[PDB]
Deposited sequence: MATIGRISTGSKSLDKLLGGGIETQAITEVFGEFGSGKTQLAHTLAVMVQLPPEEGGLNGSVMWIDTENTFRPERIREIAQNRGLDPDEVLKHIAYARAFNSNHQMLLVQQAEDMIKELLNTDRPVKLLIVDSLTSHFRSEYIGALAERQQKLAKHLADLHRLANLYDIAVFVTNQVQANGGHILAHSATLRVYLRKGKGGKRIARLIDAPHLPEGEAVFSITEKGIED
């Protein structure tokens, strides 16, 4: 398959990304608590459902939530201010809460079943969100970093295999603050550092110029 792109909703961020996040890729966004990673995830879950002329892929979404941070009412707001029907947008987001890191790993295998079911339809899965990818692994493997890296490595390999095999954009969030961070090391296809700036602006930079955007009723925008 050719490489598809999903607009983030922000022209600035899209330019930094070469058009949007890529299918057949894992995009990892990392930054402190409150930097806007989950807002970007919510926006992408709407944007992907637009036609390509508007920066989408007419795609379905799968969302794995580890922190109970998915908000359908926020999806509705973004959809209504992106000219989509909110009920239709929500109907094309498959949502699961991961209870712990082992369940999170099983949910990625389950996602493959729904990906296969929709593959030949007019609304194939085009976006898989894992928010937050690292939170359960971090809490469960305190004092056991070597074992944590083993399990994370397999989890990321699973996510790569889905991105490439099924032409999906995988978007993952990772909270990194004070003294923290191996990030995801070199595992993602693309690392994006997100941070707060003056006056509520958000600033994004590729790790390995800068885009500036705001969080609004449209999700994110310049």
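Unmodelled regions of the deposited sequence, numbered from residue 1: 1, 210-215.
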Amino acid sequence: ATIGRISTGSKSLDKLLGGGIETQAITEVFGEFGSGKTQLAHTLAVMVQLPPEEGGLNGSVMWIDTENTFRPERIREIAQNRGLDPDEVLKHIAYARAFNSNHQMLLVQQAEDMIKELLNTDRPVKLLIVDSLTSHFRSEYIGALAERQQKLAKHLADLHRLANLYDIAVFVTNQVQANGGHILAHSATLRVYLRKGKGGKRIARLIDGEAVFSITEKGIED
From here on, numbers count along this sequence of modelled residues.
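C-alpha atoms forming the largest set that superposes within 1.5 Å between two forms make up the rigid core.
Of the two stretches examined, 49-57 and 179-187, the one with higher mean CA deviation in 8 other deposited structures of this protein after a rigid core fit is 179-187. Higher mean CA temperature factor between 143-151 and 84-92: 143-151, per the PDB entry. The stretch with the higher mean CA B factor, choosing between 51-59 and 178-186, is 178-186. Within the group 22, 14, 208, 210, the record's highest C-alpha temperature factor is found at 208.
Which of 33, 166, 70, 30 has the largest Cα B-factor in the deposited entry comes down to 33. Among the modelled residues of its chain, residue 40 has a C-alpha B-factor that falls in the lowest third, as given in the PDB entry.
Annotation for residue 133: C-alpha temperature factor in the middle third relative to the rest of the modelled chain, per the entry. The entry lists a Cα temperature factor for residue 114 that places it in the highest third of the chain's modelled residues.
Per the deposited record, the Cα B-factor of residue 157 falls in the highest third when ranked against the other modelled residues of its chain. In the deposited entry, the Cα temperature factor of residue 121 sits in the middle third of values across the chain's modelled residues.
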